[PDB]
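For reference, the chain that follows is the form deposited in one PDB entry, supplied as structure tokens.
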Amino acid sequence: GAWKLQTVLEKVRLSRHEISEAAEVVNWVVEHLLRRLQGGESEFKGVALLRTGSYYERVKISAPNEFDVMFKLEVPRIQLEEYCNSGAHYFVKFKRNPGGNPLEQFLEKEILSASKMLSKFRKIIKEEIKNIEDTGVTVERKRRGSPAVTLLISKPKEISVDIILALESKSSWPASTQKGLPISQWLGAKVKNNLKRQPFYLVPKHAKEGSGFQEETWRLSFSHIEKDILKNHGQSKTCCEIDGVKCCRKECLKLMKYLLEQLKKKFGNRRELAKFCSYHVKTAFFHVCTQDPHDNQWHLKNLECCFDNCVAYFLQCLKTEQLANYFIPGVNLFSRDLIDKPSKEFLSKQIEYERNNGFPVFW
């Protein structure tokens, strides 16, 4: 193959060891923290580690010094109120409970308060980290527009860990997701039904930068579903297994992430590139899996054409300024409210240039 994509995949593979070692350090610290939370008497006594995200999907290809971790908390009887038109943001309310509400301390005027819950969450984390301060682990100061409590691990490696609190609701998916997860052709109706019977999650997200009740909103998270469709990505159950056939679906996702990350290193993460992240290419990739549902379309030998399909689709989204959230179709990740036109223009041009020259940024 002229692009020599197998050699590129070998290069990104080199990063694997560093990422696995760092992940062990992160897991040690977070397991300590979890055991403290679970042995305590706080509302967060029921938290558990939610093993999702790029690391557990095995597509974390970079940034061994940066991890995010999700703590899930089962919350019964949730009732959502949409913040606005989109389904991007919700207020969390509760349905009547004759047995009570363990989260009463966080209620403010009908609504579960995110700032109240996070303050208490941050407080508990800070006290547990202070208790083990000889370990060299500290809590980073609050960042603007970040729902996370960031841990700074200094030894034996410098690692930033974003701890994200996620509410778990074992209830029907909200109406905004009705035409979401369009995987029927790709994975089948049975798989789609099974996945939509899983719980959904809520993580704190500000609706707009203002000061006000937009500070109290939550966004949906389906990171556990994303993990499953990445891991069990074939029409056949033996796709990419030892006794099955190798497809190149994951390799393509990795190359798309790597493309964006190498462009940022090439250009110095300038203003135009700073708003694009791996979640945009992951979303584009899922839409491509839907348009090309068959395992034989992704046979390993077909790597160049498959990767080119992903790139071409991503180019089409940049030009049309349309990239629908895979679970919430009414949410456009490429709207002008989020990313201005010249930024899309600049990335389009660079991707077009890379494509026409065999992706020299990879080398």
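Start at 1 and count along the sequence shown; that's the residue number. What we label the rigid core is the largest C-alpha set whose atoms superpose within 1.5 Å from one form to the other.
Only in words, not in the display: the form deposited in another entry, which the text now covers.
Just one of the listed positions, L260, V203, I125, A207, moves its Cα by at least 2 Å between this form and the one not shown when the rigid core is held fixed, and it is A207. A movement of the C-alpha atom of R271 falling short of 2 angstroms is seen between this form and the one not shown when the two forms are aligned on their rigid core.
Core-superposed comparison between this form and the one not shown: the Cα of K190 travels less than 2 Å.
In contrast to the form presented, in the other entry the C-alpha positions of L80 and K208 spread farther apart by 3 Å or more. The pair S211 and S335 is at least 3 angstroms closer at the CA level in the other entry than in the present model.
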